[PDB]
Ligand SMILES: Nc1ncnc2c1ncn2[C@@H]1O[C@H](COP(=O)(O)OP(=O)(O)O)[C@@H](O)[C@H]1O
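Quick heads-up: it's one chain on its own, the form solved without ligand ADP, in structure tokens.
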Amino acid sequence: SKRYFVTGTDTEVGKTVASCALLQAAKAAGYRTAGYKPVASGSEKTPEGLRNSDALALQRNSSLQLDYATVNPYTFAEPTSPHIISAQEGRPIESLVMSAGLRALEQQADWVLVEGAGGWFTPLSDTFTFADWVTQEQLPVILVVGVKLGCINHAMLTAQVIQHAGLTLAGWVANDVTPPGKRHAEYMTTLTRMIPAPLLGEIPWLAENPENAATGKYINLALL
């Protein structure tokens, strides 16, 4: 089986778009897949309770029919750092619960993709970050790089810190977050040289992909 943690270089690089592409590619390869987003903030009310749109995307892109809470056990409404809204709601986030949910998906899935709740150093409490949990779980990490100004710096910072944690940087995905620009090829070359992990694929600019066209085709899982 297989497990990966997906993180983005910044806000609004389409991290969840890339996660969905990865999940689609894994299903095409014959895996029984599951997405896992243990912690989510920024969620809408429904008759069943709060639902986060990124967790819903991961649920919908899982090859298994998974219940929402199995994908996302901690759901907060407001779109702010987990530690802040957790404290405000009186709903502490516990590492062991996060880990138990990953184990629970491994009962059924042989390919699990895990997404966080912000970037690498996202606080979950005043003393624990999402990086702490990923490190404990020894997950291999896939970096999603939004190709835009600043991406080289952010990719390098994030890659260095992951490697310093003792973790494997398993791959990276380029997400085209804007229409094509002038320096696209040169930026891709630069990122490719500098990121110490295989480029798994590049997702085109899909103007938010309103029709939910399939993106798994952009990912080469054999490179992972």
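Only residues modelled in both forms are compared. Sequential numbering from 1, following the sequence displayed. The term rigid core refers to the maximal set of C-alpha atoms that superpose within 1.5 Å between the two forms.
In this entry, the higher average B-factor at the C-alpha atoms falls on 103-111, of the pair 140-148 and 103-111.
Mean C-alpha B-factor is higher over 41-49 than over the other stretch, the pair under comparison being 41-49 and 58-66. Among all modelled residues in its chain, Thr215 ranks in the lowest third by Cα B-factor. Residue-level temperature factors show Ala170 in the middle third of its chain, judged at the C-alpha atom. Placement of the Cα temperature factor of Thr190 within the chain: middle third of the modelled residues, per the deposited record.
Ranked against the other modelled residues of its chain, the C-alpha B-factor of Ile203 as given in the entry falls in the lowest third. Ranked by Cα temperature factor within the chain, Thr33 sits in the middle third according to the deposited record.
One more form of this protein exists, namely the form deposited with ligand ADP bound; it is left out here, but the text below deals with it.
The partner is not drawn, yet in the entry with it bound one stretch among 25-33, 60-68, 171-179, 158-166 has residues with heavy atoms inside 4.5 Å of ligand ADP: 171-179.
Interface residue remark: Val17 is counted as part of the site for ligand ADP in the entry with it bound, having a heavy atom within 4.5 Å.
Taking the partner from elsewhere, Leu200 is found to have every heavy atom lying beyond 4.5 Å of ligand ADP in the entry with it bound. Contact between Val13 and ligand ADP in the entry with it bound is found at the 4.5 Å heavy atom cutoff. In the entry with it bound, the residues of 201-224 lying within 4.5 Å of ligand ADP by at least one heavy atom are, in order, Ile203, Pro204, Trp205, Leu206, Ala207, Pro210, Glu211. The gap between the Cα atoms of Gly146 and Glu208 is larger in the entry with it bound, by no less than 3 Å, than in this form. Between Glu211 and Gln59, the Cα spacing is smaller in the entry with it bound than in the shown form, differing by no less than 3 Å. Core-superposed comparison between this form and the one not shown places the only run of three or more consecutive residues whose CA atoms all shift by 2 angstroms or more at 208-213.
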